[PDB]
Amino acid sequence: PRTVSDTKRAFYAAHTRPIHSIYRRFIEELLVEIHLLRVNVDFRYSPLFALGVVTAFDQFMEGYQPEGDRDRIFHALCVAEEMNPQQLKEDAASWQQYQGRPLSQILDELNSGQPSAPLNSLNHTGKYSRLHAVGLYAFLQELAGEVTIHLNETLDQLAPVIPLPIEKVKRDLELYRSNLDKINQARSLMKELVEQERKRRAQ
Ligand SMILES: [Hg+2]
């Protein structure tokens, strides 16, 4: 068994540099949430989990500086969680084969009993997480027809063909989009205030 302090020690090991605190509170939450996930007995690694982690990281790290470190933090935190930094980016990028597919055909591939990978991962998720809802959000994003706009209307269509707790998927995605709105509002506040530090020190 491993400990939150041990997993944190692992991140503070490979990442000995400062953590650049605007997105810090999210990194700590992502560190502990993933730890509490994999240490659970029913957790199963899946490309749906991989898509959700990479989607949550890329969108929540909007404008991370310096840019060269955002991929190194991704590299260090993965092994810190005993994950694979390359296997996660491969699984997350593997969903691109569904770009432009209609939602009707996606439902057909699930209803046939033989869904292809990584779409097959919707059944073998294992222990549910908020990150699994984010992975579904990123998958439904790239589909054809702007299926994300009326998200609840889409999730109710998936409910009978998916084993996921749709009502918990609705909630965690609304919590996800509300949090993403706060960081971009804060990141835009940095751009509004970093010019006041750059255009007034040289004024
Ligand atoms: Hg990671």
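Can you work out the FRET efficiency for the pair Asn152 and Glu82, with r the C-beta to C-beta distance and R0 = 41 Å, to the nearest 0.05? Approximately 0.70, to the nearest 0.05.
Once both axes come from the Cα atoms, what is the angle between helix 24-38 and the longest principal axis of the chain, in degrees from 0 to 90, rounded to 10? Result, in degrees: 40.
Pairs exceeding 24 Å between alpha-carbon atoms, taken from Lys8/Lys127; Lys89/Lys191; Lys127/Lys182; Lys89/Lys182; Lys89/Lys127: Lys89/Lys191; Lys127/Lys182; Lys89/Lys182.
When the chain is treated as a GNM with alpha-carbon contacts under 10 Å, the residue of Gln96, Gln87, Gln105 showing the greatest mean-square fluctuation is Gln105.
Charging the Cβ of each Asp and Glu at -1 and of each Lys and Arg at +1, and nothing else, the dipole of the chain about its Cα centre rounds to 880 debye. Taking all Cα pairs closer than 8 Å and separated by 6 or more residues, the relative contact order of segment 4-198 comes to 27 percent.
When each of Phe74, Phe57 is scored by the number of other beta-carbon atoms lying within 10 Å, the sequence from fewest to most is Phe74, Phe57.
Axis angle, to the nearest 10 degrees, between helix 47-60 and the longest C-alpha principal axis of the chain: 30 degrees. The calculated 222 nm mean residue ellipticity attributable to helices in the chain amounts to -20000 deg cm²/dmol, summing -39500 (n - 2.57) over DSSP H runs of n ≥ 4 and dividing by all residues. Scanning the chain for GluC sites (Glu not before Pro) in DSSP loops with at most 15 neighbouring Cβ atoms within 10 Å leaves 83-145 as the longest stretch between them. Considering only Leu189, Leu155, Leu30, the mean-square fluctuation computed in a Gaussian network model of the chain, springs between alpha carbons under 10 angstrom, is largest for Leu189.
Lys/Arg Cβ at +1, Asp/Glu Cβ at -1, dipole of segment 82-162 taken about the Cα centre: which of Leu88, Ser121, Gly100 is farthest positive-ward? With unit charges placed on the Cβ atoms, the residue in question is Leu88. Each part reduced to its alpha carbon centroid, segment 126-183 and segment 15-80 end up 19 Å apart. Between 0 and 90 degrees, the angle of helix 166-198 with respect to the longest Cα principal axis of the chain falls at about 20 degrees.
Name the residue, out of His15, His150, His132, whose mean-square fluctuation peaks in a Gaussian network model built on the chain with Cα pairs under 10 Å. In the Gaussian network model the winner is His150.
Just so you know, all these numbers are worked out from the coordinates, no wet-lab data involved. Cβ coordinates were reconstructed from backbone atoms using ideal geometry, including for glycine residues, and neighbour counts include every protein chain displayed.
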